[PDB]
2 protein chains.
Amino acid sequence: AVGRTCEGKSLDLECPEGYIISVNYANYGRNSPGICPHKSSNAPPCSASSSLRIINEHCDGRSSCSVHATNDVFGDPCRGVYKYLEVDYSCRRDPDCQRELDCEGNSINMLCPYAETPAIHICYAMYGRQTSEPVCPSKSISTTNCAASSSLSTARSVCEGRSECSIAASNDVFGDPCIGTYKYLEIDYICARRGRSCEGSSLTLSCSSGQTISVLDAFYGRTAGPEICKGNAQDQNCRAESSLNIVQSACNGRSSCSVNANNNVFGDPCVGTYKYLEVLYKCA
Amino acid sequence: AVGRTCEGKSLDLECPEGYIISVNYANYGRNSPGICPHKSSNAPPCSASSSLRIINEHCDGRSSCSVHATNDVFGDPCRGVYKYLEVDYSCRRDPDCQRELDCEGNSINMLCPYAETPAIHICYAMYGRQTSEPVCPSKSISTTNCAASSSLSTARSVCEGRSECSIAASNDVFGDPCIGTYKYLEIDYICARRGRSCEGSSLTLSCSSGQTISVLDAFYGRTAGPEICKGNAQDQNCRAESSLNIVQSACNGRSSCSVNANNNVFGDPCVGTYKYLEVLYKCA
Ligand SMILES: C[C@@H]1O[C@@H](O)[C@H](O)[C@H](O)[C@H]1O
Ligand SMILES: C[C@@H]1O[C@@H](O)[C@H](O)[C@H](O)[C@H]1O
Ligand SMILES: C[C@@H]1O[C@@H](O)[C@H](O)[C@H](O)[C@H]1O
Ligand SMILES: C[C@@H]1O[C@@H](O)[C@H](O)[C@H](O)[C@H]1O
Ligand SMILES: C[C@@H]1O[C@@H](O)[C@H](O)[C@H](O)[C@H]1O
Ligand SMILES: C[C@@H]1O[C@@H](O)[C@H](O)[C@H](O)[C@H]1O
């Protein structure tokens with residue numbers, strides 16, 4: 001996939017649910033007259049050498065990113081030349097995740113037994129059918145373009161952040177996305193590090209050994225009762241929009257970050273509930 | 001994208017024209033009961049550690065590959081267990097290629113000035129329109145799903161193997177794939193190494209410095225007159241089918257290879273024409 005934006009505007013990259021961005025090429029500069037055309041003469045090819053690393057920091061491993069195509073971000077690789085940002089990227093399932101699959105009627109049991117990586121993160125999920133043989137054969141199949149649009153959200157609502165989760169490949173969980181067709185559940189998961197701080201405090205994330213953070217899930221709000229961050233727990237469906245983007249933007253590609261769990265960073269998604277910041281991440 | 005095949009069968013991976021295979025995950029083994037099911041009890045997860053490297057050798061950088069899912073290829077990572085091969089891959093434009101673009105009416109001029117890398121290889125080509133602003137703006141646009149299906153074949157027929165090529169973004173070259181819409185030409189190209197041997201001789205390809213071969217184009221046959229491999233030149237539209245696959249299969253992922261230019265390797269694609277083997281490749 002290719003995205004292009006002119007200097008001064010922002011470029012949005014996105015992948016479908018359960019896929020992340022994998023950057024192949026990036027440049028801020030100019031290598032064609034026909035993109036963001038101005039006048040007049042052709043100049044020598046222009047490329048900011050900084051471009052790839054910056055786009056990797058801003059976008060790799062995320063489902064979504066927005067990058068400003070400006071000299072402040074990239075430097076100016078050719079003064080007096082109207083520039084543009086071009087990215088070539090692929091949307092892939094994260095190869096750091098473990099790949100599981102069971103046919104309809106079975107359950108997938110995930111377990112994160114280690115203390116340092118105790119939290120399940122669901123990377124990808126599909127309840128339905130995307131292929132025929134040799135997956136879960138049955139006489140009762142009429143489609144290979146079947147998926148609950150809810151697959152990842154439901155999987156995450158069941159399992160995200162838990163140390164153990166058993167999830168049924170069943171219509172009672174996901175709904176039935178293709179009546180009449182024998183289905184399967186395909187889930188990719190990772191055992192993540194977890195950080196949590198109560199509202200009013202800071203949260204520090206850390207990777208050792210010259211390793212770097214990739215934030216996988218984050219919310220400022222509350223999804224649990226008062227056994228987590230004792231305080232008023234009236235809204236347990238509370239999540240600041242853009243929590244993940246903010247924490248990814250603060251932390252991805254670094255060895256340490258600190259983020260304040262507070263309303264001045266995330267807004268207040270649930271007035272009168274005592275909130276916390278909970279983050280799942282990996283170190284690579 | 002995901003491909004799966006049971007032990008004893010072959011797995012075919014393919015990308016559309018101008019895209020190559022980029023492998024994300026591979027395993028020969030068993031990690032699910034529901035894929036290539038047999039009986040009965042679940043065993044511990046089974047993975048050949050060899051799998052990724054082998055699939056990379058067989059498939060990375062190619063538009064197509066076919067791999068036998070067998071113990072001879074991978075070893076046997078779990079005796080007595082019916083296995084399967086699963087690959088997760090992405091199809092991408094080769095980032096080793098230079099990215100060019102000009103609007104309809106202009107020409108793209110490619111040049112390979114160095115002796116050691118004197119041959120143009122066209123990696124990707126699209127004459128048409130795949131996006132709106134900020135590419136080649138015009139009032140006369142009614143589609144962004146327009147491409148000459150001939151784009152890459154025509155580009156290669158014009159330029160492949162030359163040290164200089166100037167190709168017009170024009171209907172007279174590619175045909176008109178979207179009448180009424182102002183078009184552009186997007187070409188990615190690389191300056192390749194070239195090897196050539198006349199039929200009856202061998203051809204050796206070589207990368208220095210612990211670098212490895214990736215074959216980009218190959219034909220056994222003839223496309224030039226008798227100034228190349230003097231001999232009968234009656235068929236100059238002569239190419240053995242599967243030349244590229246054979247040379248990729250002999251050479252990709254190695255530091256040196258030798259291939260005999262002869263009918264016992266490639267068949268005879270043009271009886272009574274004196275043939276040669278011509279290969280473009282890169283070292284990475
Ligand atoms: C044309 C203009 O020239 C200078 O102001 C800067 O180089 C800026 O990035 C460019 O867009
Ligand atoms: C084959 C069978 O048919 C319908 O009953 C349901 O869609 C069910 O989920 C499926 O497994
Ligand atoms: C309990 C308390 O209630 C209000 O002051 C705010 O919503 C604050 O964020 C919360 O912590
Ligand atoms: C079931 C059969 O068992 C042995 O013969 C081998 O391990 C073979 O790979 C497996 O498929
Ligand atoms: C806008 C214009 O319209 C038609 O004449 C042709 O399709 C031509 O290629 C295009 O550039
Ligand atoms: C000229 C000669 O003609 C026949 O013997 C074969 O086609 C051979 O391949 C070719 O080299």
# chains A, B, ... in the order shown; residues from 1 in each chain; ligands from 1
$ interface_residues --of "chain B" --to "chain A" --cutoff "7 Å" --atoms "only C-alpha atoms" --output "ChimeraX atom specification"
/B:5,24-25,31-36,90,92,95,100-103,134-136
$ select_by_dssp --residues "stretch 9-202 of chain A" --states "helix (DSSP H, G or I)" --output "list in words"
residues 51, 52, 53, 54, 55, 56, 57, 58, 59, 71, 72, 73, 74, 151, 152, 153, 154, 155, 156, 157, 158, 159, 171, 172, 173 and 174 of chain A
$ write_last_selection --atoms "N, CA and C atoms" --output "mmCIF file, in the first residue's frame"
data_model
loop_
_atom_site.group_PDB
_atom_site.id
_atom_site.type_symbol
_atom_site.label_atom_id
_atom_site.label_comp_id
_atom_site.auth_asym_id
_atom_site.auth_seq_id
_atom_site.Cartn_x
_atom_site.Cartn_y
_atom_site.Cartn_z
ATOM 1 N N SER A 51 14.116 9.594 7.073
ATOM 2 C CA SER A 51 12.659 9.360 6.848
ATOM 3 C C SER A 51 12.228 7.969 7.351
ATOM 4 N N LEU A 52 12.944 6.942 6.910
ATOM 5 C CA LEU A 52 12.535 5.582 7.254
ATOM 6 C C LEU A 52 12.459 5.331 8.763
ATOM 7 N N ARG A 53 13.502 5.700 9.509
ATOM 8 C CA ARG A 53 13.543 5.475 10.931
ATOM 9 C C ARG A 53 12.407 6.190 11.653
ATOM 10 N N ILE A 54 12.166 7.434 11.250
ATOM 11 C CA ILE A 54 11.081 8.206 11.829
ATOM 12 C C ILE A 54 9.732 7.563 11.544
ATOM 13 N N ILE A 55 9.485 7.124 10.325
ATOM 14 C CA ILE A 55 8.208 6.494 10.019
ATOM 15 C C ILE A 55 8.083 5.160 10.769
ATOM 16 N N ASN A 56 9.172 4.391 10.840
ATOM 17 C CA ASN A 56 9.199 3.200 11.706
ATOM 18 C C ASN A 56 8.835 3.524 13.149
ATOM 19 N N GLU A 57 9.467 4.519 13.745
ATOM 20 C CA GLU A 57 9.066 4.953 15.123
ATOM 21 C C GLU A 57 7.618 5.352 15.279
ATOM 22 N N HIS A 58 7.122 6.142 14.342
ATOM 23 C CA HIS A 58 5.736 6.626 14.383
ATOM 24 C C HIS A 58 4.716 5.577 14.040
ATOM 25 N N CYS A 59 5.055 4.542 13.229
ATOM 26 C CA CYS A 59 4.019 3.702 12.617
ATOM 27 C C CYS A 59 4.192 2.189 12.766
ATOM 28 N N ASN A 71 9.352 19.861 7.895
ATOM 29 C CA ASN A 71 10.776 19.984 8.206
ATOM 30 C C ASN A 71 11.102 19.810 9.699
ATOM 31 N N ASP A 72 10.204 20.223 10.577
ATOM 32 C CA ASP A 72 10.423 20.020 12.014
ATOM 33 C C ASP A 72 10.579 18.532 12.352
ATOM 34 N N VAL A 73 9.756 17.708 11.714
ATOM 35 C CA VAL A 73 9.875 16.246 11.900
ATOM 36 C C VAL A 73 11.163 15.665 11.277
ATOM 37 N N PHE A 74 11.398 15.934 9.982
ATOM 38 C CA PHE A 74 12.357 15.248 9.176
ATOM 39 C C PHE A 74 13.680 15.948 8.957
ATOM 40 N N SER A 151 -14.939 -10.014 15.842
ATOM 41 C CA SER A 151 -14.063 -11.096 16.326
ATOM 42 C C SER A 151 -12.998 -10.583 17.301
ATOM 43 N N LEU A 152 -12.297 -9.519 16.926
ATOM 44 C CA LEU A 152 -11.180 -9.047 17.707
ATOM 45 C C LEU A 152 -11.709 -8.330 18.967
ATOM 46 N N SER A 153 -12.741 -7.499 18.793
ATOM 47 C CA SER A 153 -13.288 -6.762 19.961
ATOM 48 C C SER A 153 -13.824 -7.749 20.984
ATOM 49 N N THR A 154 -14.511 -8.790 20.530
ATOM 50 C CA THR A 154 -15.066 -9.783 21.467
ATOM 51 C C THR A 154 -13.940 -10.569 22.099
ATOM 52 N N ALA A 155 -12.982 -11.007 21.294
ATOM 53 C CA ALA A 155 -11.860 -11.749 21.857
ATOM 54 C C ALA A 155 -11.123 -10.959 22.964
ATOM 55 N N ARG A 156 -10.919 -9.686 22.706
ATOM 56 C CA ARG A 156 -10.233 -8.795 23.636
ATOM 57 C C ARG A 156 -11.113 -8.551 24.888
ATOM 58 N N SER A 157 -12.422 -8.358 24.704
ATOM 59 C CA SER A 157 -13.279 -8.196 25.863
ATOM 60 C C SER A 157 -13.283 -9.439 26.767
ATOM 61 N N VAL A 158 -13.168 -10.629 26.187
ATOM 62 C CA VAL A 158 -13.092 -11.844 26.949
ATOM 63 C C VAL A 158 -11.733 -12.036 27.618
ATOM 64 N N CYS A 159 -10.646 -11.771 26.907
ATOM 65 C CA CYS A 159 -9.324 -12.231 27.318
ATOM 66 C C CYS A 159 -8.259 -11.171 27.681
ATOM 67 N N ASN A 171 -20.950 -19.607 18.325
ATOM 68 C CA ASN A 171 -21.885 -18.534 17.952
ATOM 69 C C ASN A 171 -22.399 -17.774 19.151
ATOM 70 N N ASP A 172 -22.399 -18.464 20.290
ATOM 71 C CA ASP A 172 -22.875 -17.849 21.561
ATOM 72 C C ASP A 172 -21.926 -16.784 22.048
ATOM 73 N N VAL A 173 -20.647 -16.903 21.666
ATOM 74 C CA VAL A 173 -19.636 -15.863 21.927
ATOM 75 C C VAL A 173 -19.605 -14.723 20.885
ATOM 76 N N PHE A 174 -19.517 -15.098 19.615
ATOM 77 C CA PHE A 174 -19.189 -14.150 18.547
ATOM 78 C C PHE A 174 -20.364 -13.728 17.712
#
$ closest_residue --among "B:70, B:181, B:64, B:47" --to "ligand 5" --atoms "only C-alpha atoms and all ligand atoms"
B:181
$ atom_distance --atom1 "atom CA of residue A:39" --atom2 "atom CA of residue A:12"
26.4 Å
$ residues_near_ligand --ligand "ligand 1" --cutoff "10 Å" --atoms "only C-alpha atoms and all ligand atoms" --output "NGL selection string"
:A and (6-8 or 29 or 38-39 or 69-72 or 75-84)
$ atom_distance --atom1 "atom CA of residue B:169" --atom2 "atom CA of residue B:140"
16.4 Å
